[PDB]
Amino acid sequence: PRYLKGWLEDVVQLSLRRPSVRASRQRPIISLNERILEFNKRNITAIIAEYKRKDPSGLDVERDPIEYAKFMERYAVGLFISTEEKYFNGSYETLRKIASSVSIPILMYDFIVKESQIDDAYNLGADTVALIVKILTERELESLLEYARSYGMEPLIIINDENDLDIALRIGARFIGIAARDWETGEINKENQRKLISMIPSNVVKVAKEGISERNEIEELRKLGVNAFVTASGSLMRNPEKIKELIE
């Protein structure tokens, strides 16, 4: 992993030592990027619902994992399931339970730094994972992108700035997540987000990671070419029913 500081460095160290899990997949691969394209083709707003109990820059949230996932199965294009333990209060067991309970795509959201975590995601029932440019060397990215693809999963490469984007396109990523929030400060920069979105080739499936909170903001990024959206952190955990308004 790259040289880091703060909670990011600590979570990267925690990931490096994360034990592999014993489990075997009993679920098809329900591709997230392809389903996003399907929604686009039907002109249906594609919203990826996030299940997260905690955030190093947010407040805690308690809500039944299965209940939430089953509710979202009716509206969301897919789910983001946080599995990082210390700062996000995530769990491999939670991902497994959820994956066994719904038929829509699931992305295991964690800080992937080694192959065994991708094995874990596949074995637990996730359909894909996110790879974060900020914490990975180019070499690690190339290697993890290929490993994920060998399982038939197209990973979501998360970028925060121009250099991140250049590296993503350089290695051949086709599924890119543009983050509106800053990892360390927790600050939202919509302008930077829109700029990066405007620099991405049309054949790359683009996901706006936060940066939108209501239907009208979704409409605007949709015109900039954004394919799918992950809404402002905690908004759906607080008001699940709001997704209906978002995709109306």
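Numbers follow the displayed sequence, beginning with 1.
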Going by the entry, of stretches 85-93 and 169-177 the one with greater average Cα B-factor is 85-93
Averaging the C-alpha temperature factors as deposited, the higher value of 197-205 versus 57-65 falls on 57-65
Taking the values straight from the PDB record, which of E146, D119, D127, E138 has the highest C-alpha temperature factor?
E138
Choose from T185, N33, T45, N189 the residue with the greatest Cα B-factor as stated in the PDB record.
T185
Splitting the chain's C-alpha B-factors into thirds, which one does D161 fall into?
middle
Sorting the chain's CA B-factors, does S103 end up in the lowest, middle or highest third?
highest
For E214, return the chain-relative third of its C-alpha B-factor as stated in the PDB record: lowest, middle or highest.
middle
Using the B-factors in the PDB entry, rank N227's C-alpha atom against the chain and give the third, lowest, middle or highest.
lowest
Can you tell me whether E50 has a C-alpha B-factor in the lowest, middle or highest third compared with the other modelled residues of the same chain?
middle
